[PDB]
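A, B, C, D and E label the chains in the order they appear, each numbered from 1.
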Amino acid sequence: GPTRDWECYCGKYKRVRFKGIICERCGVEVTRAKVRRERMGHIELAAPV
Amino acid sequence: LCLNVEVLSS
Amino acid sequence: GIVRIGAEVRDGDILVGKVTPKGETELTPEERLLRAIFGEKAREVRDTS
Amino acid sequence: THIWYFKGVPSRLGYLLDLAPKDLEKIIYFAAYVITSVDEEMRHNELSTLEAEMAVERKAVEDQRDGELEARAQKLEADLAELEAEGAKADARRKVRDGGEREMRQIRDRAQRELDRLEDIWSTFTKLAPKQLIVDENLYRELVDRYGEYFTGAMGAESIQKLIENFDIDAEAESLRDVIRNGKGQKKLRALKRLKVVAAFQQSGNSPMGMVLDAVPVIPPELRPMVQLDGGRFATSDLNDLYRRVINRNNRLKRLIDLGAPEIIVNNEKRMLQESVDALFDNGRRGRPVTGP
Amino acid sequence: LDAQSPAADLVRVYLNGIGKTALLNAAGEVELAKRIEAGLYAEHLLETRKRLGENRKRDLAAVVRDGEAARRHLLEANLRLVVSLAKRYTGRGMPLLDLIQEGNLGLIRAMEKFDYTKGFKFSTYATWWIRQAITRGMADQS
């Protein structure tokens, strides 16, 4: 998620009104910084373990 | 220079 | 930028003022040449007194 | 466009497309708009209807200006009557009267501005045909707004491409032959030159579309040998420099059109690009030659 | 006719094209952008509420159109400033046209990602961004 709250990477959807909307220029979402605390990432393995 | 210079061997 | 000697101070009052610059991505040597000659006080400052 | 033609003497494009060098170069330099094609028969069928719509719209501007004139004239007359009732000096009477008269003159002149603009619009609408020019962008903006239906016009090297490909050679050749069959030496010589050029085109078995390029080639690298000095500096033939300029500008165009921007910057940049290709195919042919060192 | 004519300077062309500009003195620019923001939001609302189509949807478009037209003029507002700053950084071998074009690109990249935020003068922000863009252009030219 965005490092700041209600802030697109590229500054396109940087206004406060933009929320739960994904910026096509940078491909990120606009929500409070808290959402950064509740989303995860998965690595892909080339060999089962 | 866009000038198609052929040979015309015939 | 400092409190005059002999001035009463109450809890929560400011004791000494300072300004903290803002973060803006920049070129190390090309913008360093640019900022030396131009762009003086052209970005933001926070308050951390 | 290929610099060797719109600048050559005689300018092959000028003769083939029967345009003066001033008009041709203007398009090349993104200077003025041009009218490409017009469905004149389609405009003709409703020419009466168009003129009637003109009558009603011009009468509408006539009615609004007349209403404004009536209102202001009545206001001035009332003011003069009030001043007379107050028994003021004739100096105040003349001051107010001159102010009102100048106001009404300004109103009538603005009405005339609108009316003359309307008749200019018409004139240029009716007596409209290919190869005509419109210097001022505002008038063209107006034309396309009021009547954007019949004539399609745009300024660029690609305007010329569409015009020529849509254009036909055999009919013009026959017309020029017919003109030559007559006399009138003055115009007969011009007809002879244009007919010579057109007949050469026809006999060549080619098409004029070769005068607008879309893909310039580049010579091999050895022909433009690349040299390394003691410090490895690039001091070889500047052919690399010119190709650098052209490629760089093309990439700027591509990126800009991808990003999106208004028409002015496109064109301003396109004019710049047109200049680079002309320079590369030839430096100093026209205008200030590029000089680095 | 076949008489020849002199060429025309490219810069002079820049000047004729921009002679129609009329700055708004930094005062009305805030409302000028309110519309831009309203248009960006109205366009976003158009996509989010594409499900509903109506005279109400054409009203959003009215705001959007106000924004696009308002955006057109806002960009016209700053061409004098960008050309000036570009001319301030000449003499390094580049044609003034290439620098001014680069500054134009920098400006369009800026203002379209700018919010009042009651920040420093909008004119100051544009000068900063175009200066950075032209400096980058010169540096990469080498």
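Following the convention adopted for this analysis, a contact is a pair of C-beta atoms (placed from the backbone, for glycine too) under 8 Å apart; a residue touches a chain by one contact, two chains touch by 3 or more.
Nearest to the overall CA centre, using the mean of each chain's CA atoms, is chain E.
Rounded to a whole number, the gap between the C-alpha centres of chain A and chain D is 48 angstrom. Centre-to-centre separation between chain C and chain D, using Cα means, comes to 55 Å.
In whole angstrom, the spacing between the mean C-alpha positions of chain A and chain E is 29. A straight line joining the Cα centres of chain C and chain E is 31 Å long. Every pair of chains meeting the touch criterion is listed here: A-E, B-D, C-E, D-E. Only residues 37, 40-41, 44, 48, 112-115 of chain E touch chain A when the two sit together in their complex. Contact residues of chain B toward chain D in the complex are 1-2.
Of all residues in chain E, those touching chain D in their complex are 1-5, 7-8, 10, 13-14, 17-18, 72, 75-76, 93, 95, 97-98, 101-102, 104-105, 108-109.
Residues 10-15, 17-18, 21 of chain A touch chain E in their complex. On chain C, the positions that touch chain E within their shared complex are 27, 30-31, 34, 38-39, 42-44.
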